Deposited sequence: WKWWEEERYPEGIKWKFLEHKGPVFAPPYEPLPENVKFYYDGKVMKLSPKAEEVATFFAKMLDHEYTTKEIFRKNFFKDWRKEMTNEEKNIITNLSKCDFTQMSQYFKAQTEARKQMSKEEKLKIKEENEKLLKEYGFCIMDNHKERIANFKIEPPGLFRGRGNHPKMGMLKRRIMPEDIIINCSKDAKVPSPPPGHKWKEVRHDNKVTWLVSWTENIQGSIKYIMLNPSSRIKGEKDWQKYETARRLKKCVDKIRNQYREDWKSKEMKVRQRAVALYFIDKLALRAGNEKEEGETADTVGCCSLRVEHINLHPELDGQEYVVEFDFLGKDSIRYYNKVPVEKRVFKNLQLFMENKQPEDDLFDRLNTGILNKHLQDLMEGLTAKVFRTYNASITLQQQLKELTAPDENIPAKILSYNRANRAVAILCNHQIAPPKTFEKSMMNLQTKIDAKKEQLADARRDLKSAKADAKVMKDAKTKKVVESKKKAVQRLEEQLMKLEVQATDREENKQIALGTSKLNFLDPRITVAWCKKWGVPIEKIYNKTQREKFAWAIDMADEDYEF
């Protein structure tokens, strides 16, 4: 169904009808075989069901060094006791006297056991799996069958944040139907909660896209279940995403001229803003929103850089006015880069950097909101993130341009393609991994044009899954598309 060949809905309205079967809850907990033992202070101790299970989580991760760290254990053990009966709380005073080995051994067993299984067994579980997909992996939005991305409820276990995360080891509880909110069209058949239960709520909100949600206990973040990238609802937003970035293309040099001018501004705020944008524009720096203390690991972005994240070098290794960046970004991915900037920028930074402590905010007097506000003014619907797309995609365009070899073999052209990709991955700082940018930053039409231009079969670049994702791009693109 070439949904791209249809009329987009008004703004706000996401669909008119929607019907799903709700989430597949995590299966029940089967207790350990009586032969599988736990010991506390070297004394066999059979645990309460809830307690046992939790111990199993830990027991199941015992080999990761994860389990050696202080936050993890502290976080872990605390939560576990909560799940203990009173009397258990009385005996297990600490985690250090617990023996999860028999527990650890057991599962490892189960592991290899599975890793060696009969082929028939291998197929039985696939057919099983497949059956699941047919039953809960699709929904009906408006007039068609659409696949649901994540239909399996998040299973209880131990929280695993990125980097030096303060909530590492905390227990994720089991989500009950009483925690789930259902989103569907009023006229649609309501999925029936499991026997003996009730949904938290059933809503019919067509301004949103999700079919189910609930709140994740450890961060209080709302989780959702939405459709597949192949969705119209998904593919449309993405097509629009790239559309916007091309609009930026069309007024980038203008915006640029402005900020360069603002560097000169009287009001320092205007200056911080402008420098900040310089970076975003030039280095592809993220917004850098203000994170809630103690909730996540310490990672910063453009607007949230603390003065200690950059080191100013009037000169270094040949170049002058070099900015040395060194911080952890989203997912705690490290950002390190020595950058020769405009003398003006450099000068502003010294100024932004004076009279402060290492922990102070470089661009104090500035935030993402302030930033984006100005951006939208410059261009309707313009945000810091648009810059990243624009850059990636535009970088891909020229790179492939200058790199694409006419007197080249398909095998050869593919590499040209992949190098052009590295350049992007490089700027986006994906760690090197071309996946993210290929999948989320590059206007696929660019790749479709190229394949066509160079008589290279899409199949050679895009995998099955990706093709389904970029089908719009695939079906509606000239050899002559130009981002």
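For this chain, the deposited residues without C-alpha positions form one stretch, 432-511.
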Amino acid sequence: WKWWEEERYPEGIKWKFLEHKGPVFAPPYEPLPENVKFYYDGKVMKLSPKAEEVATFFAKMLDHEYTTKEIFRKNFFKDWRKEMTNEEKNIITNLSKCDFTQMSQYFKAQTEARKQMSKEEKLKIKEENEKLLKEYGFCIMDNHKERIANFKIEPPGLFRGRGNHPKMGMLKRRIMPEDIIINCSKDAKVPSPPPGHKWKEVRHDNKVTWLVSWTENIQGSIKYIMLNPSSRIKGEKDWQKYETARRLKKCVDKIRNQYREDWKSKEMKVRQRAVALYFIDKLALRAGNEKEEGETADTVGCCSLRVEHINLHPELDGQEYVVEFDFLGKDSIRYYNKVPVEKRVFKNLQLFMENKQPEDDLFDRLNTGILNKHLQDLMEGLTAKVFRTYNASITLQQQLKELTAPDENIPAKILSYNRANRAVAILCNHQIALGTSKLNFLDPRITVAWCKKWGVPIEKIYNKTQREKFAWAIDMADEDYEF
From here on, numbers count along this sequence of modelled residues.
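Look at the mean CA B-factor for 110-118 and for 136-144 in the entry; the higher one is 110-118.
Stretches compared: 17-25, 458-466. Higher mean C-alpha B-factor in the entry: 458-466.
Among 391, 150, 357, 183, the highest C-alpha B-factor recorded in the PDB entry belongs to 357. Across 308, 377, 79, 87, the entry's maximum B-factor at the CA atom is seen for 377. Among all modelled residues in this chain, the alpha-carbon of residue 273 has a temperature factor (C-alpha) in the middle third. Per the PDB record, residue ranking by Cα B-factor puts residue 170 in the lowest third of the chain.
In the PDB entry, a CA B factor belonging to the lowest third of its chain's modelled residues is recorded for residue 444. Sort the modelled residues of the chain by CA B factor and residue 33 lands in the highest third. Among all modelled residues in this chain, the alpha-carbon of residue 61 has a temperature factor (C-alpha) in the highest third.
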